[PDB]
2 protein chains.
Amino acid sequence: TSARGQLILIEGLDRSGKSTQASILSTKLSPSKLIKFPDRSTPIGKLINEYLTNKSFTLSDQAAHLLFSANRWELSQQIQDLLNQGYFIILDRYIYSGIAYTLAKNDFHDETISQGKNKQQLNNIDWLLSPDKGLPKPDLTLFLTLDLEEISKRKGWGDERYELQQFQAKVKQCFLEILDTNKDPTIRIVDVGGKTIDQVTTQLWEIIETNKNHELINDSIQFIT
Amino acid sequence: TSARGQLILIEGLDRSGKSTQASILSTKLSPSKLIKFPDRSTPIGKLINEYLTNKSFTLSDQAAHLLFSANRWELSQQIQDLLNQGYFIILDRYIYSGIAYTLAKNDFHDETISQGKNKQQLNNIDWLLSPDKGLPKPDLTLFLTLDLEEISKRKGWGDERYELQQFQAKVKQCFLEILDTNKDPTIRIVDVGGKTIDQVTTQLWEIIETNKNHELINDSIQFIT
Ligand SMILES: Nc1ncnc2c1ncn2[C@@H]1O[C@H](COP(=O)(O)OP(=O)(O)O)[C@@H](O)[C@H]1O
Ligand SMILES: Nc1ncnc2c1ncn2[C@@H]1O[C@H](COP(=O)(O)OP(=O)(O)O)[C@@H](O)[C@H]1O
Ligand SMILES: Cc1cn([C@H]2C[C@H](O)[C@@H](COP(=O)(O)O)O2)c(=O)[nH]c1=O
Ligand SMILES: Cc1cn([C@H]2C[C@H](O)[C@@H](COP(=O)(O)O)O2)c(=O)[nH]c1=O
Ligand SMILES: [Mg+2]
Ligand SMILES: [Mg+2]
Ligand SMILES: [Mg+2]
Ligand SMILES: [Mg+2]
């Protein structure tokens, strides 16, 4: 069919290096757009931002999970169009963040993070995934993994709802549980413990340059199933 | 286990008689609560209300569909609790409205009603249903069916986004396609053409009184799957 750019997703915990490497990679990729999730500029995004930033605000975990997926569906069409025009697209967070942050509440009791004692559907990975099905699949997913101790040493803690170490630990496990690189070879878990900014960039670039994710291709856009 | 009230859902098109019969039935049922979907009082509800009432407002069909389901998940816990305390609950619209109004956009081209030429997932009944899975199943679902010509004669057209006869026709078909009373005997399609307010009430009541949906039961709450 025709030429297109590629979709490259960076996942990870807070302060794992995602926005830093996303910008650096927008620079190496050309032409390139950078999209952040959640997109707090959209109308659903502003709700999500209330939820994350005003910790008195009330919303069931299932409602919240659905808002995050709806927010991606606000951008889906635009993403496809840009890719098909030959743009390279860097995502900072996406469907893996969606599943993992919600999945982690399932055995976690903290009235701020997870409202109420019932955890209905919060361990059902298929329910959690189903609203993101049909969204564009990244051509490459890069998961940046790191020690909680190393994260605690960096600037960037912002007092949002999920920014609690005991919860972040559960989220770390949930991410490694849903990221299976044998069942899906588009996924690359990259250990960034004790690596500088440039060393990370060099590793990230090598993975990209080797699979040729920086070059146009004649494949169609894959979709999440 | 313990006693509970019952969940009785009234579905139908606009002006098919739903709010009228819901109030009348809150009166016959005791103790009773009436819940309307969408619930436009919640924070997601206010978004839904923007979407329905400000026809210049922009939102992808998939995002919109997800908001409607999220809105039900705002109320899910409360619904269960009230039922388990012995309250009878009347719903005016629910998951059937969710699927049908979105499913109907799939072969309908009108930039107000359905933004953009792609209809991704809008014919996939499983995607459409999946976010409502795990919500409480009504014990009885009553679908009020009626001619479009009879509807056009009644007061109640409010200029909201979907209030176009050519779309309403597609929605009517979608409802009859997803409501299968053989595969699910909790569902009752009731023809209300040429029936007065009281004649409808008498028919609705007979169905309820006969299945004993007005009485407490020792069954657990069923859930959508
Ligand atoms: N390899 C690294 N070593 C040390 N600090 C880093 C590294 N990468 C990023 N940082 C710094 O740590 C902080 C968090 O990085 P950031 O890229 O904002 O993470 P995220 O975008 O995942 O929340 C920033 O202050 C950033 O400069
Ligand atoms: N059986 C009926 N015959 C004639 N008019 C009716 C009947 N039931 C309701 N109405 C009237 O038609 C209008 C629409 O009814 P309503 O119950 O508001 O429908 P919905 O709640 O489904 O939008 C109201 O003005 C109402 O009084
Ligand atoms: C994209 C996304 C983020 N999140 C969480 C991760 C962060 O705590 C929060 C905001 O992310 P940010 O700090 O990277 O903007 O949202 C979800 O719970 N679900 C999602 O789908
Ligand atoms: C409950 C619900 C309503 N709808 C539509 C039907 C109506 O056009 C509109 C508002 O309903 P109302 O007029 O009964 O308040 O919302 C959906 O599209 N999805 C849903 O899930
Ligand atoms: Mg961050
Ligand atoms: Mg932070
Ligand atoms: Mg009405
Ligand atoms: Mg109306």
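Note on naming: letters A, B, ... go to the chains in the order of the sequence lines (proteins, then strands), and numbering restarts at 1 for each one. Hydrogens, waters and symmetry mates play no part in the numbers below; they use all other heavy atoms, side chains included.
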note = From the list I90(B), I79(B), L9(B), side-chain contact (heavy atoms from CB on, under 4.5 Å) with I35(B) holds only for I79(B)
message = Tell me if the aromatic rings of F143(B) and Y96(B) count as close, with their centers under 6.0 Å from one another.
response = no
query = Is the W73(B)-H65(A) ring centre distance short of 6.0 angstrom?
reply = no
Could you check whether [Y] and [X], counting side-chain N and O atoms only, form a donor-acceptor pair closer than 3.5 Å?
X	Y	value
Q120(A)	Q80(B)	yes
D198(A)	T196(A)	no
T145(A)	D191(A)	no
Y94(A)	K137(A)	no
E11(B)	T141(B)	no
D61(B)	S114(B)	yes
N71(B)	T42(B)	yes
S152(A)	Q165(A)	no
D81(A)	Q77(A)	yes
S130(A)	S130(B)	yes
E74(A)	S60(B)	no

Of all heavy-atom pairs between [X] and [Y], which one has the smallest distance, and what is that distance?
X	Y	answer
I113(B)	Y51(B)	O-OH, 3.8 Å
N218(A)	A3(A)	ND2-N, 3.5 Å
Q168(A)	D14(A)	OE1-N, 4.4 Å
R40(A)	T53(A)	NH1-CG2, 4.0 Å
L66(B)	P131(B)	CD2-CG, 3.8 Å
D180(B)	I187(B)	O-CD1, 4.2 Å

query = Is there a donor-acceptor pair closer than 3.5 Å between any side-chain N or O of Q21(A) and the backbone N or O of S19(A)?
reply = no
ask   = For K155(A), does its backbone N or O pair with a side-chain atom of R15(A) as donor and acceptor, under 3.5 Å?
value = no
Quick one: pull up [atom1] in [X] and [atom2] in [Y] and give me the separation to the nearest 0.5 Å.
X	Y	atom1	atom2	value
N213(A)	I207(A)	CG	CD1	10.0 Å
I189(A)	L176(A)	CD1	CG	5.5 Å
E215(A)	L29(A)	CD	CG	11.0 Å
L67(A)	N49(A)	CG	CG	12.0 Å
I89(B)	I8(B)	CD1	CD1	10.0 Å
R93(B)	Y101(B)	CZ	OH	3.5 Å

ask   = Do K133(B) and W127(A) meet the cation-pi criteria used here (NZ or CZ under 6.0 Å from the six-membered ring centre, within 45° of the axis)?
value = no
task = Report, as yes or no, whether the 6.0 Å neighbourhood of atom OH on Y162(A) holds more than 12 heavy atoms from other residues, nucleotides or ligands.
result = yes
